[PDB]
Every structure is written in C-alpha cells, then in structure tokens.
Amino acid sequence: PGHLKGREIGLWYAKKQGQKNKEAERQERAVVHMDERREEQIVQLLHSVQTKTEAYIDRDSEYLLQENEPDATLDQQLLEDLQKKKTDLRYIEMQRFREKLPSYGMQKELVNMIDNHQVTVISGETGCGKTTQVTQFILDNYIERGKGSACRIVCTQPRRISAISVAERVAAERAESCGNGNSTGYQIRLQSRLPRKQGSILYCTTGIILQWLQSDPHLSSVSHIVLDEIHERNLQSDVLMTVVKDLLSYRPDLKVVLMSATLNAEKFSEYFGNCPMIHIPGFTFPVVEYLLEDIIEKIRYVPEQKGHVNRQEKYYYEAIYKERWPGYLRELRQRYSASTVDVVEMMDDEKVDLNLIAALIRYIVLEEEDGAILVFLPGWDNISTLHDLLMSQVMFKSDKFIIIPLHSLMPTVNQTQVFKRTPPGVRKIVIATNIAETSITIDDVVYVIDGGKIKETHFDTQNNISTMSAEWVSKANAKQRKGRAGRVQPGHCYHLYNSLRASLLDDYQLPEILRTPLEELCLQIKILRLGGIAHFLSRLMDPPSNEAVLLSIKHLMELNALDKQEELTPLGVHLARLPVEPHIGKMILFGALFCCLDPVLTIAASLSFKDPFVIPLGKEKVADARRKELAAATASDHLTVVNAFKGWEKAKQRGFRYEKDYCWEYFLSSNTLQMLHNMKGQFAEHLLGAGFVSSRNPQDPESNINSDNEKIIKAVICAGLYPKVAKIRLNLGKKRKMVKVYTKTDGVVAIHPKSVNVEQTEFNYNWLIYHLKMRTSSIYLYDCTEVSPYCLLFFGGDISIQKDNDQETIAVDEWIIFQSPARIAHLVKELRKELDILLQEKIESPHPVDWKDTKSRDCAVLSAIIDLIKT
DNA sequence: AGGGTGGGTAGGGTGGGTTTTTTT
Ligand SMILES: [K+]
Ligand SMILES: [K+]
C-alpha cells in the first residue's frame, strides 16, 4: 500500500484480509458427501414412480356458543335472587366499599348514558373504580328493570393476570364465587371459569374475542362489549376496536363502551363519530413529585467524577433540547444553589446514575417514615448493578431490610408468595423494571423512584430488524409510576430527569402497530373476510407505514401463503387456524406430517414466546451451566427445551417431590412448563381438527414414530422457518478459535449470551438457524441451532448448480454453496421437485401417511438420507 | 468488510465486549 491515508490503510488490508477470509470459507465449502449405494437405489425408483377448526380452538369459545334467548322467568329469578343477596353481611360490606369509590356517585350518568347510546368513552383517571364497577352497574341495572336475562356483557383486558384478577375482585364484590354458574367469570387461553349462560359478566383478553370472530363475525348473544385500558395501544385492542367500529352498522342492538384515562380519550371520542364521553375524577392520595434538581438539591449528591417515527422525532428533539439547555441552566441558578446545578450539567445521559438512586434509598430508609420503596430501572443490567451496590453496605446486610428484584426472567413465581421473612418495620425495597408498573402489584408502596429511561421495542421497516433501546420514559408511563403510590398513604415520587426533559416528553408511547411485524395481522385480516389487507389497515386508527405492509405482504408471498395477484390464501387457512406466528404454524405442520409431533410442539410452544427458564437474583452462571448441561451435545436451544421438557415429564411421572427438586435443580417454573404443555394440547387439537394427525394426543405413537431422532427433528426445525439462516465461520482468533456469524442481510452478527452456542467451538456442521433477531449493541440471535447441509438442502429454496475452479457446487438461495459431484446434485434437484409436488398435494388435502404402501410414501428415503451424514 | 506472522518510525472519532413485556 504505497498510498492511502491512515483510515484507508486499514481498508486496504481489510480488503485483502476479507479476500483471504472469504476465499478460505469458500475453500472449506462444507463437504456434503451423499455417496454410497444410496445413489444406486435412489436413482432407480426415481424413474419408476416418475413414469407411472377444532370448534373454536378446543372450545375456547364455549361461552360464545349461545344464542341469548331471554325469558321472563329467568328475569324474575335474577330480581328475587338480587333481593335475597341484598340480605347478606359480606354483600353489605362489599356494597359499602363500593360506595366508598368515586364511580358510585357516577352510577346514574354512566348507566343512563350507556343505555341511551351505542358508543361511550369513559376517561377513567386510574386509580378509580371504572373496571370493577361499570359492568356491575350495567348488569344490576338490567336485573333491576325486568330485562336482566337479555343482558350479556363481555370486557377485554390487555393482560391475562389483569383479566383473571379483575374477574376475581368483581366476583368477590358480589358475594359470589367466580364461575360455577355464578354472575362473573373469565375466559383465557386453555383456562376458563365461565359464568352463567344469561345475565353474566365475562372478562377475557382481546385474543379471545379475535378467536370468537372466526365463528361469529357479528358477535351474537353479546349485548354489551367493553374495551378497557385502551390508552395502552395494544395491537389486538386497536384491531378489535376498529373491527367493532365496522360492526356498529350491522348490529344496532349492540352497546360498545371504550375506556381510556383522561389524556387522549378525546381522540377515541373523535374516532367513533364524535361519540359522547364521561369523566370520572377517581381517587388517589396526594403524592409529591420531586425531579432531578430537587433530588440533588435535597440529598446533596456528589458524583464519583465520572426509519422510525419516534427515532426521527427524538433526534430533532435533542436538537431543540440543546437550544433549551443553556437558558434553562441560567434559570436554575436563580432557583437552586450553584453546586447542584453544576452537578446537573455534570450529569450524564444514556445511563441512569445508580449512585444517586442508592443515596436516595439510604436517605429515605434513614430519615423518612415507614413504607416500602419501588424502583423502576430500564433492564436487567441496572437491576443487577444496583443490587450489588446496595448489598455491598453493612446496613442492608441485616435481616431488617428486604430487597426484591423483579423481572420476567426473575423467578417471580416464588416472589409473589412471601411475607414469612420479617415483621413490619422492615424496608421492602423492590428493584424492578416496568413490570411492576404493568401488572404485578405488591401495593404496599409509599416511595417510588422512577428511573429516567426504559427499554422499548422499535421495529425497522427497511433493514427488517426488530430493535430495542432505552428511551426516555413516556409521560403516561411516568404518570402511572406516580400513581404507584397507591391507597396506602401519601407517597413520594422521584423522577431522575431534569425539568427540561419533562417539557420534551412524548405524551404517549407509540402504538404496537408501528413497532412489530404484521404477518399474523395480515393473515387474520385475510381470514376474517375483511377484504383488502392494506385497506383495512388504512381504516385502522393510526395506519402503519406503507413499506411495512408491502414487506409483510411480500413475506407472506414468499411462504406461498398469499397469492401473488391479490390476498388469496392457498395454505393461509391452516396457518391462520393456528394462533401462533406463521413460521411456527409451518413448523408444526412439517412436524405433524413427519411423525415427530411432541418435540415440534414443545419447540413451537417455546418459540411462540414464553421460554421456560428462570434466573434468580445474581447467580446466573449456574443457570447457564444447567442449561448448557441440558443441551448436552445437540448445540441447539430448541433441542435443549425438548430435553428439559422430557426430563420434566419423567420427573413428573416419578413423583411430586422429584418434580420440585427438578425445577429447583435446573431453574424451571412449573407454571410456564404447564402452560406450554397445554399449548401443545391446543396445537394438537387444531392439527386433529385439520386432519394431520389421528388423535388428540401429542404423544400418540401414530404421530410419533420418528419422534426420538435428532436429525429429523432438526430437519423439521429448518423446514419450519425456511429463511433466517446464519453462516458459522471458523477463525484463528487469538491463536485459538472463536465465533463469527453472518446472515447475508444485516452483515456481521453475533450470538446472544442467553443461548447455548455462545462460546461453543466444536460444531459438526457450519450452518445455524434462528428465529429472533434483535438490534442492541450488535445484531444478536436469541435462539439458534445447527443444521445439517442435507437438512437445509430439502427446505431452503431455489437450487443452483454452478462450479468454478472446484468440484460441482450446490447453492440454495444463491449465497449458501457447497461442493459435491454434479451427477448427484441434479438428482437431488429432481428429487426436490418431486418432494415439492408431494408436499403441496399433501398440503391441500392432508391425511396420515399410512406407512408403508410405498405408492405415495417416498419420504423414508429422505429420512434415511438425513440419517446418514458426516462432519 | 478484518487481522496481529500489515505495523504501531498511520492512528483510535475507523472498528473490533450482555438478558423487555407481553397473548392467540
Ligand atoms: K488495529
Ligand atoms: K487497522
């Protein structure tokens, strides 16, 4: 390199180094033998045969299977029964507590306004009594007017725990047990306490209603429908919302009630043709709001001397933030002392100063009155660092303080049941992410330490990468964290952002429609007889970017799920009949055909989110040791899940003590494992409803002849995805081998530490497959598994056979290639064509394989092909 | 689009080191 500047020299040696590296990887080129007398046999027959539902998802809509049919006798039974339940101590006390709520004074306006209108918006101002009292007001009103039999109410809750919890509280406030022929009940995936057939209040999640629309597009036998917590722009909540908006004309006798929370409720009101709204003031203790300047001024802190719509907005915001930065600082010198202001300009962004949180906790526990403390942090790292920072002091080491970390990965199953450790007078410091703000409630909070930021998900629409980064807390989220002071006593709130950022905060977070893929929603649109996909998405409130819809349509066209002409599904019927991701449905289809049902159902339930593992506090090395120990030599996270589920089944059949010892030993949660087992039950229910298996049992030997074989299971794993394949590269590294991965789309990627093949070196093959790509510090694959070249050769895609300066090379999707004799390559191409014919014919009309007539059963040949391989 | 057996008598603003919450 005679010339080139400094930075360019590394690009010169990087060009030569890239040349020698890529020519080395091409020099390897896997190996793919595929020799032996198999070639003799496979060719022969190759010429011969060439010349010659589930009734609404396992009755998850059992309450929907009704037709109202009111009668006066039942109305009289409800009226006299209400007169009898009036004389009851528990009922009287519950009614007094219900009188102590602000919504009780708003009973007449809500009841009358709901009865005289089809659409109604109720700005809740939580904490209030909207959710636990509006349905009781409606049902009690219908019962007290001789028309209680025709009343049938259904309310949608965004979270499962919120649905079942509100169901329990409402059932308790009526002096009744939940379900079992009583007034109030709930219904969620594979768990239901159904109420009465008439005059009943049923709580559920939105996915339950979307599951109902596949059997009743007009929602018969449903008098009143309620959408709660619509301020949280859950995707299903918006989709159902606009679907009901379209349903208003076809159903005049339907009453719809939306409930926001006194911020953008005027927007929801303006959506439904300027429908009237009703504001409930709610009840909350006073609470105080301290900001960063008030914190540093208070405790006298001395530091240690240290295309996305939101991203496009946060950039320019920073700009004007800079324009607002000096003057604000000047004003600060008119309000507070100079030291704390100098600390303010010395404060660092992109990182919440955990030392300030520690000193704050110390001052609160040492000088303020009794009460528990709740801390919000962006993620796991800050919780671990803050925990190690608090436990490093001798004052917190005593048994007079309780520190509880909260996280989805934290085994909160054992954290919900407690209170057997220490008496009162003990500080309950709960260091949590935003989970404590969304569902779990210890509810004994007096002090809230709101962290500055929170990790949020943003999907890229051009590079096809789901990203996640800690953004500034939304003003609604901060209002919730302030509302976390609860009805215990006057609390305190500590926001770790200056009063400048508080002026440049977005009113709300962006809806989930703009930050998640849209394949599931596209199939649900094309399956609910909603016509044009992009058109209905245009009807949807805040329509998504056009490029995202185009990309989702292209993706569904790649999988042969939608017609290239218009939205027509040749196989999207079977996929949409499955309540999971489309690639997961393809996975359970290929697993249902190949008679390896159970492991593919386990891997599918684990891949439809909800991974069965828990990591406690700060001991995660043992967690990775037990996980990698369960991996054995499979080099697969999914096969690790299979072995974990098998060990859990054997330990279950062994004894009850051995199950608890098993989950305790390998860091498992029997709740998640049980839920995934039920998910296997529902998957097998749908597969039997479609005709792929012979019985409901996922462990049926008719559909599990090959279930105990790693090769074909990994083959089904590669067949389920089809793309999302990554290349494994071998390097000399620091004199020793290291990991190098590529995806041909995002470029250089790496494996996330939560997997098993993080530091693995001994691989049988040089190809992996993944499901979740995430953009953080670098592109990470949260789950991956090795795949034999013969496996991906059967389900990869187009095949090209072109060689240069080497033996004949087979390329799937062009960029993956490996050398082998051509006379075998073309044979594999023809056998691939016949395989595609039999797969399509098997897809349009499914039925068991019925081995072994050998007339339409040549798949044992391919199974034997995959069973034979080499390094 | 990358390495230390390119070198550091080019430089480090060129770039090479971590786990969020949810439902069907
Ligand atoms: K260098
Ligand atoms: K260099």
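The residues of chain A that appear here are 57-108, 129-131, 164-414, 427-991 by Swiss-Prot count, in order.
Method on record in the header is X-ray crystallography, 3.8 Å.
Each residue, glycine too, has its Cβ placed from N, Cα and C.
Annotated features, as they stand in Swiss-Prot:
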type    : residues                                                                               : note
BINDING : A:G235, A:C236, A:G237, A:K238, A:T239, A:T240, A:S559, A:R604, A:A605, A:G606, A:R607 : ATP binding site
BINDING : A:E337, A:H339                                                                         : Mg(2+) binding site
DOMAIN  : A:219-389                                                                              : domain 'Helicase ATP-binding'
DOMAIN  : A:479-649                                                                              : domain 'Helicase C-terminal'
MOD_RES : A:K949                                                                                 : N6-acetyllysine
MOD_RES : A:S965                                                                                 : phosphoserine
REGION  : A:631-700                                                                              : region 'WH domain'
REGION  : A:843-907                                                                              : region 'OB-fold-like subdomains'
MOTIF   : A:336-339                                                                              : motif 'DEAH box'
MOTIF   : A:519-530                                                                              : motif 'Nuclear localization signal'
Note to self: Within the same chain, where does the motif 'DEAH box' (A:336-339) have neighbours whose Cβ lies under 8 angstroms from its own Cβ atoms, ignoring anything closer than 6 residues to its ends? I mean 6 or more beyond.
What the structure shows: 238-239, 263-266, 270, 345, 349, 366-369, 371-373, 376, 596, 628
Notebook entry, point to check: If one measures from the C-alpha of A:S559 (ATP binding site) to the C-alpha of A:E337 (Mg(2+) binding site), what distance in angstrom results, rounded to a whole number?
Noted result: 12
Next item on the list: Using a 10 angstroms cut-off on Cβ to Cβ distances, just flag whichever of A:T239, A:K949 is the loneliest among these recorded positions.
Entry: A:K949
Notebook entry, point to check: With DSSP, how much of the motif 'DEAH box' (A:336-339) is helix, how much strand and how much coil, in residues?
Noted result: 0 helix, 0 strand, 4 coil
Notebook entry, point to check: On a count of neighbouring CB atoms within 10 A, which of the binding-site residues A:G235, A:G237 is highest?
Noted result: A:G237
Check: Across all protein chains in the structure, which of the recorded positions A:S559, A:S965 has the highest Cβ count within 10 Å?
Finding: A:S559
Item checked: For A:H339 (Mg(2+) binding site): intrachain residues, at least 6 apart, with Cβ closer than 8 Å -> A:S368, A:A369, A:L371, A:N372, A:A373, A:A596, A:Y628
Item checked: Gap-flanking C-alpha distance, A:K108-A:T129 [20 residues absent from model], angstrom -> 36
Checklist line | Cα distance (Å, whole number) from A:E337 (Mg(2+) binding site) to the residue listed as 'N6-acetyllysine' | finding: 54
Checklist line | Cβ atoms near A:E337 (Mg(2+) binding site) (within 10 Å, other residues, all chains) | finding: 19
